[PDB]
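Novice: My questions will all concern the structure given below.
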Amino acid sequence: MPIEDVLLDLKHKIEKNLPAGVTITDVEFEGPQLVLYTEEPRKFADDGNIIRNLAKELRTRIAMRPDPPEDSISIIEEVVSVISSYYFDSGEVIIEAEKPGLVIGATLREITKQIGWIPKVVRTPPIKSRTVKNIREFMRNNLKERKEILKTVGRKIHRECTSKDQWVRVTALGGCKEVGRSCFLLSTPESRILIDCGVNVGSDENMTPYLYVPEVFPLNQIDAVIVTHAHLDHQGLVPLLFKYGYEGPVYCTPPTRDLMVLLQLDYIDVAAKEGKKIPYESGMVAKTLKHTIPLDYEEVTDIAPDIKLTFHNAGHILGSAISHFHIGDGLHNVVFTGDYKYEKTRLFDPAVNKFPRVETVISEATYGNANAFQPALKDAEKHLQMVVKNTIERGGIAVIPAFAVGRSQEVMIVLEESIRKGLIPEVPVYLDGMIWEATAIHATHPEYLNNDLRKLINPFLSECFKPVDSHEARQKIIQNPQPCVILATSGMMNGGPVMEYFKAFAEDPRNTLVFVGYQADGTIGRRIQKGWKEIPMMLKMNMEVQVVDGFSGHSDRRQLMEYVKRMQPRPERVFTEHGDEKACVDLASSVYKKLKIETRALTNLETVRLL
Amino acid sequence: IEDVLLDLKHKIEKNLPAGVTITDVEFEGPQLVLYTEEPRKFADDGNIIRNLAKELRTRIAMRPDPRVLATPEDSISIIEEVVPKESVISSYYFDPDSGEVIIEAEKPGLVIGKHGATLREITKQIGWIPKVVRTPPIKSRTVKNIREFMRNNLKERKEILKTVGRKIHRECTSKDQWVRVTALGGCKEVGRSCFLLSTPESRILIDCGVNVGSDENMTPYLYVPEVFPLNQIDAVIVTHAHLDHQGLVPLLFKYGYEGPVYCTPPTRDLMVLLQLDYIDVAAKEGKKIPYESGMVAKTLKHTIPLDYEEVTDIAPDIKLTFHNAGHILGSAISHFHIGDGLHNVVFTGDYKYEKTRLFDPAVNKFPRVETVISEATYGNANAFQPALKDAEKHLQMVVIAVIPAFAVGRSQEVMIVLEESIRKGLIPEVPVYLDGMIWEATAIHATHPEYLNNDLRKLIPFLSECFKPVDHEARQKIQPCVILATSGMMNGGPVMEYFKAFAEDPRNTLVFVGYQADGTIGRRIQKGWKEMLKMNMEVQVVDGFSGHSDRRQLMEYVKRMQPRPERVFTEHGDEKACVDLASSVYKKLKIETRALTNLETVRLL
Ligand SMILES: [Zn+2]
Ligand SMILES: [Zn+2]
Ligand SMILES: [Zn+2]
Ligand SMILES: [Zn+2]
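Just so you know, the protein sequences line up as chains P and U, in that order.
Counting with the UniProt record's numbering, you get residues 1 to 68, 74 to 85, 89 to 97, 100 to 114, 118 to 470, 476 to 555, 564 to 637 for the letters of the first sequence.
Counting with the UniProt record's numbering, you get residues 3 to 401, 410 to 470, 477 to 487, 489 to 495, 500 to 552, 564 to 637 for the letters of the second sequence.
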């Protein structure tokens, strides 16, 4: 292996840059990173400048780690505040403390001295995520395979370039002139990157992206998969890639990682109970997680010999990213927005549109229609409060379909506040179908929220919220109807517990059904919102329907236009996707017309050349 | 697979009439073929096969079981007894694709007999089916070398037809339908045409040309996922014989392609001529050689000629029909019928929508067309060219005169104008020297009279005493005269020897008879560059023999297409040419149209 020889060259380079007294054992490419192993980690914990002075002269991302838990936990517990938990990752120990300042750098220095492990102290989450813990245990149980997969991915990233050609192009494999099954191929002569691989949203659930075409098969030709955010319509078929023999990395933000596992296991579990087609088994979710490499916002990451990736805040859901790809030594820069919201919301900061360079933007277009404004945050809230207030005060209960992550959380923040300020009546807000576990995960990723929510996490711990995922518990809400609010899955009524709630509450006109975001073509929710009163399960709906389209987590028409208009630098092309046909085409020609930027709607199975 | 062929056999045997038997059933290329020891019975009742074909939706030919076929040498002797000595048979060729023997006779009626009597007696005795043809005036050495090569390789040939055949008749496997076109070269440029037409079941490559311009080594983007692995390619279609459309077809074989190449019969012959010449000249001049001659052989073993108007299943869901393009001998417009009427797309290749000295106008009538992919060489708003009659008078008046030309294309139309001019006395007289395979190319025209228009057909000009071929001792000997010489845009060949020596005397003229592409020496000169060689030598442009539709003609072609297409796409022109023509069709004719870009894929359905 002539890659060993570039790692030796790197070892020796490093060794003559190191200060006296500091040694390393080995140097390895592990995923995106160059990793230095050391028998003296304390020395790197004390002087953070070595890694600075090292990365500097090497022009790359470098981590150090200890040369290779139950005795560590015990040695730490003597040496060290009210510690909730520990997690031994990279030779780090995460410590959860109610008072984190008391554990931190004199004392952190003394702790590393005695135990070697590097302490990362974190404030004890108000809520326990059972998913975060299961993933951590699963990663420990699979450390050997994981290290080996990182080595393989690493060496492939640092293979040498072999074409004397330069070009860049994007092929669409789903998510064009439709909402659903987003999946795109960015390719160069050296590299093929897959952005997203979603499930369909609409009439037919089985429909996948066009994965069987020469541009994607054989899957081993794929350098990486990027997941822009955790929504099923963007990650849901990533495990199918593995089923079909993909063996590279999946890159996403840390919260995406956690949500993706949650939503995936739930997808296939619900699919079994409801009796639909099950695209992959749970073993493929495990395989996807073993190949997942999280990256934080703003962390520039070599994912291929000629491609650097940087994630930025998208403002859509927890961990949602805008994906910037820097190709070559400044050959081209392309941004895939994923789903985004160019506006500060209760949970997140606005989508980012400042980049060192951007020649091409591929943007979503969900509210892309000329018509498609959505009410201001403040007005949407008052509207929700009034619909819910009125429903309760007259003895009805308010069913609000939602996704586990996305529309549910913003709705909860509004409700808790409203009840707290005596603006909706004190009444139980039931939460069904993984909403609550999804919310727990937010607590574990404070850095992915905006400043105000960060300081607050406390809304989500209100007495009002009552979770339910027991089926036995569901029936008690049903058998004793009693004025309340129900957030329940799934967000477009194509299935899930919201259908049980609906099957039983749709008859009394006193009740209300609250749509808080768009409902896509072909969905049950969409069909209801069009004033169909006969819904197949066949039972007739007399219940009030209100639409308070303020919590979708997407940029409205104005915001889509402002995002591109105010982008720095200004891009030379934009392409549109993730909207119904008219939405993509309307937004595209609007941007050409108003902003004079050449823009056009993508079509599934077309390939466009960027350079 | 044998088992599905038995199921066909046993099936056909159930419906054959009493007395009629078959031995074997094979897919050979696009056809299902029934072998029989009693061919006479199929010659008498044509209703047997014609019905079976229409029943199974597929072309069917019957052929004699080899066990009832005489050897060629005994067939030659049996024919020579049976036929009158003054029939004067020049040659024989025993086609192994069809169990037919082509007999070339000076007097063809004598070999056929009174009402076919003698042709009947010959088949009776030799099994082979005689197709008699009038002996071509010029002798094509290429045509003869190809025929001999096919005989020497009969076993591999039959086996390649079997393999290609079984692949064509594989069953469909997708529940999806779509069509799309990927461009791999020839977009916003002249040169290295190569397009991929694809469906969920099929991938078809149309053309695979060499570059024309500054850099000769430049190929189409053949190394991308849509083309590798090359076994995924069902078929290669070669629209016409020009190097900028077929010249790298043998590179495909070098890189492991093993399916068919489909083109017209004259294209086949011209392609082999021009390819062997390409690599031979590249050796002598000292440029990069992309493949060896062995790859031209391999290509020819895989070539399957189709005549115009022959509807041909090339894939489980694609039927192909060639039609006259009007550009050069054998040039085709390619119509692809996808599915059971899912979509129809025409690739025009290079074409000319006007009757010329040699050819009829490009065809633009089809049963259906939803998409047209058209050339755009003279696509600029500016790019009219003079009338045939006016072009001729101009050439006559201008006309030592060096005229760069391609082996096939510009050279032949020029030759017809010159011989006539000299004969009538428009230019008094001169030896018209012909260098670099022009003459051999012209011989090939004589072998394909059906691919010419009516008037030239009746005429076969080319045997005038004036024309003097030359291909190194002759070169050196070259006194007032005319020189047609290769290559047509001055990127190399003997015309550079002629030029290296005649460029100094201002007395001499350099005649450009067709466009010169970006990056060529001819283009540089044609722009009035005088430098390196000092270039005081008259330059005249008589742009009337390119063999392409001018701007008016391009527009007329689409404007009168029946049916009207829903989209057109443009290619094969310099950037401004492709974009200009596109938006001109959108504006004038209201048909959505746009120029293609290399490496983009467009979805048709
Ligand atoms: Zn989303
Ligand atoms: Zn989405
Ligand atoms: Zn041509
Ligand atoms: Zn051409």
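Ideal Cβ positions, reconstructed from N, Cα and C, are used throughout, including at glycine.
In terms of alpha-carbon separation, which member of U:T269, U:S336, U:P252, U:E312 lies closest to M297 (chain U)?
Specialist: U:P252
Novice: What span of residues does the alpha helix (DSSP H) with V251 (chain P) cover, start to end?
Specialist: 251 to 256
Novice: Under 8 Å, Cβ to Cβ, is there at least one residue of chain P near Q234 (chain U)?
Specialist: yes
Novice: In chain U, which residues lie less than 8 Å from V611 (chain P) when you measure between Cβ atoms?
Specialist: Near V611 (chain P) there are no residues of chain U at all, since even the closest Cβ is about 14 Å away, more than 8 Å.
Novice: Along the chain, where does the alpha helix (DSSP H) that runs through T120 (chain P) open and close?
Specialist: DSSP places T120 (chain P) inside the alpha helix (DSSP H), whose first and last residues are 119 to 128.
Novice: First and last residue of the beta strand (DSSP E) that includes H304 (chain P)?
Specialist: Counting along the chain, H304 (chain P) falls outside any beta strand (DSSP E), and DSSP gives it neither H nor E.
Novice: Out of P:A20, P:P19, P:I14, point me to the one whose CA is closest to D26 (chain P)'s CA.
Specialist: P:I14
Novice: On the three-pair Cβ rule with 8 Å, is the segment 420 to 427 of chain U touching the segment 618 to 632 of chain U?
Specialist: no
Novice: DSSP state of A627 (chain P), grouped into three classes?
Specialist: strand
Novice: Using the Cβ count rule (16 or more neighbours within 10 Å means buried), how would you classify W550 (chain U)?
Specialist: exposed
Novice: Straight-line CA distance for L331 (chain U) to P268 (chain U)?
Specialist: 6 Å
Novice: For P68 (chain U), which option in U:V534, U:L156, U:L198 has the closest C-alpha, if you only look at C-alpha atoms?
Specialist: U:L156
Novice: If you measure from the CB of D352 (chain U), is any heavy atom of ligand 3 nearer than 7 Å?
Specialist: Yes, ligand 3 has a heavy atom inside 7 Å of this Cβ.
Novice: Quick check on the burial criterion: 16 or more other C-beta atoms within 10 angstroms. Buried or exposed for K391 (chain U)?
Specialist: exposed
Novice: Looking only at its own chain, which residues have a Cβ that is under 6 Å from the Cβ of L34 (chain U), when we skip the five neighbours before and after it?
Specialist: Only residues of its own chain outside the window of five on either side were considered, and among them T60, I62 have a CB closer than 6 Å to the CB of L34 (chain U), listed in chain order.
Novice: Three or more C-beta pairs closer than 8 Å, one from the segment 176 to 183 of chain U and one from the segment 196 to 209 of chain U: is that the case here?
Specialist: yes
Novice: Three-state secondary structure (DSSP) at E311 (chain P)?
Specialist: coil
Novice: Quick check: does the Cβ of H244 (chain U) come within less than 7 Å of any heavy atom belonging to ligand 3?
Specialist: yes
Novice: For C482 (chain P), is the classification buried or exposed, using 16 other Cβ atoms within 10 angstroms of its Cβ as the cut-off for buried?
Specialist: The residue in question, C482 (chain P), is buried, as its Cβ has 16 or more Cβ neighbours within 10 Å.
Novice: If you draw a straight line from the C-alpha of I140 (chain U) to the C-alpha of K484 (chain U), how long is it?
Specialist: 14 Å
Novice: Along the chain, where does the beta strand (DSSP E) that runs through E260 (chain P) open and close?
Specialist: Neither: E260 (chain P) is in no beta strand (DSSP E) and is coded neither H nor E.
Novice: Quick one: which residues of the segment 217 to 249 of chain U get their C-beta closer than 7 Å to a C-beta of chain P? List them in chain order.
Specialist: Listed in sequence order: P227, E228, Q234.
Novice: So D217 (chain P) is in the beta strand (DSSP E); what residue range does that whole segment cover?
Specialist: DSSP places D217 (chain P) outside any beta strand (DSSP E), giving it a letter other than H or E.
Novice: Where do the ends of the alpha helix (DSSP H) carrying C174 (chain P) lie?
Specialist: Here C174 (chain P) belongs to no alpha helix (DSSP H), and DSSP marks it neither H nor E.
Novice: Pull up the CB-CB distance for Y280 (chain P) and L245 (chain P), whole angstroms please, since I reckon it's below 8 Å.
Specialist: 6 Å
Novice: Determine, for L628 (chain U), whether the minimum Cβ-Cβ distance to residues of chain P falls below 8 Å.
Specialist: no
Novice: Check whether the Cβ atoms of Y380 (chain U) and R194 (chain U) lie closer than 8 Å to each other.
Specialist: Contact flag unset, no.
Novice: Between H247 (chain P) and ligand 2, is the CB less than 7 Å from at least one heavy atom?
Specialist: yes
Novice: Contact defined as beta carbons within less than 8 Å: I believe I131 (chain P) pairs with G101 (chain P). What is the distance between those atoms, to the nearest angstrom?
Specialist: That pair is a contact at about 6 Å.
Novice: Along the beta strand (DSSP E) that carries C189 (chain U), what are the first and last residues, could you check?
Specialist: Looking at the DSSP string, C189 (chain U) is not in any beta strand (DSSP E), and its letter there is neither H nor E.
Novice: Examine chain P for any beta-carbon lying closer than 8 Å to the beta-carbon of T633 (chain U), and answer yes or no.
Specialist: yes
Novice: Measuring only the C-alpha atoms, how far is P138 (chain U) from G31 (chain U)?
Specialist: Approximately 29 Å, taken between the alpha carbons.
Novice: Would you please verify whether the beta carbon of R182 (chain U) is less than 8 Å from any beta carbon of chain P?
Specialist: yes
Novice: Taking the alpha-carbon positions, what's the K434 (chain P) to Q398 (chain P) distance?
Specialist: In a straight line, the C-alpha of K434 (chain P) is about 11 Å away from that of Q398 (chain P).
Novice: For the segment 219 to 233 of chain P against the segment 522 to 530 of chain P, are there 3 or more C-beta pairs whose distance is under 8 Å?
Specialist: no
Novice: Evaluate the contact criterion for the segment 297 to 316 of chain P versus the segment 532 to 543 of chain P: three or more CB pairs, one atom per stretch, below 8 Å.
Specialist: no
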